[PDB]
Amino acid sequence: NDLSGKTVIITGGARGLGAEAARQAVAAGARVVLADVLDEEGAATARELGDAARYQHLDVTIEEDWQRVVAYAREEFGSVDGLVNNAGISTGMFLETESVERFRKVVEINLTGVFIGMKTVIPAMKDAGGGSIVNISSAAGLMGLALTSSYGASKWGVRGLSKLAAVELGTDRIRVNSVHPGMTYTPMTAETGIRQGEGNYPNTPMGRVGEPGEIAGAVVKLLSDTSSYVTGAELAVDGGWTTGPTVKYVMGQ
């Protein structure tokens, strides 16, 4: 089913979701390339992953870093079959509050970054007769989420980017889809005081926050050939956060 024999570059794979996806894909047969700004950790992720993994330094906003890392894959593995655009920075504040400078920063990573990744990897995949680009968006890209400011703007952008890219590359067998994670447990969200566990996140239909491995599974599905006719699609992995409001809220929560 969801098996591999390909080379997938994972951006933001030094930690959290990115590493998890790497771990899962390597565990599925793919040879991965981790790319992050977090070097020390990254190589540590690679080193633990095994021989199917290499770590590469990559600043998602620098076209040259992309060009170099994409090239490193073709050389070091023979091809580039998958791209998982995960690297990004978040926002937790009201619109008027956010500085235009920071707005611009966040939008650079989250949006313009996946674009540089796309246009850059596209030729390598054309070279390989098709490929899969999985754009990790957010639940903030599926509905208006209070307090996401620049992050909301950029996750909506990634959703349209995937879609229009999907219609342009279909004939080249280049698949492009977006995955949308809801509240996930990570030491970082743990720092927000987010508790993992059934009953611990009542404001999402499933009453709980998700796990990194849960989102990682859907990334692999879209990397595998079991989804050979899926493109310009959006997959929400949020325990129903974006589907509709919690019952309690429909009454008075």
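For every residue, the number given is its place in the sequence shown, counted from 1.
Enquirer: Compare the mean C-alpha B-factor of 111-119 with that of 84-92 as given in the PDB entry, and name the stretch with the higher value.
Expert: Mean B over CA atoms: larger for 84-92.
Enquirer: On average, which has the higher Cα B-factor in the deposited entry, 70-78 or 93-101?
Expert: Mean CA B-factor is higher for 70-78.
Enquirer: Between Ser227, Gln196, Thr61, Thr204, which carries the biggest CA temperature factor in the record?
Expert: Answer for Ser227, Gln196, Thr61, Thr204: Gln196, with the highest C-alpha B-factor.
Enquirer: Between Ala216, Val33, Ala28, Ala190, which one tops the list for C-alpha B-factor in the PDB entry?
Expert: The record points to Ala190.
Enquirer: Within this chain's modelled residues, let me know which third the CA B factor of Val220 belongs to: lowest, middle or highest.
Expert: For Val220, whose C-alpha B-factor we compare with every modelled residue in the chain, the answer is the middle third.
Enquirer: Quick check on the deposited entry: does the C-alpha B-factor of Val247 sit in the lowest, middle or highest third of its chain?
Expert: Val247: CA B-factor falls in the lowest third of its chain.
Enquirer: Using the B-factors in the PDB entry, rank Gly16's C-alpha atom against the chain and give the third, lowest, middle or highest.
Expert: As the PDB entry reports it, the C-alpha B-factor of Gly16 lands in the highest third of its chain.
Enquirer: Check where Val37 lands among this chain's C-alpha B-factors and tell me if it's the lowest, middle or highest third.
Expert: Middle third - that is where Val37 ends up once the chain's C-alpha B-factors are sorted.
Enquirer: Among all modelled residues of this chain, ranked by Cα B factor, put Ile9 in the bottom, middle or top third, i.e. lowest, middle or highest.
Expert: For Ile9, whose C-alpha B-factor we compare with every modelled residue in the chain, the answer is the highest third.
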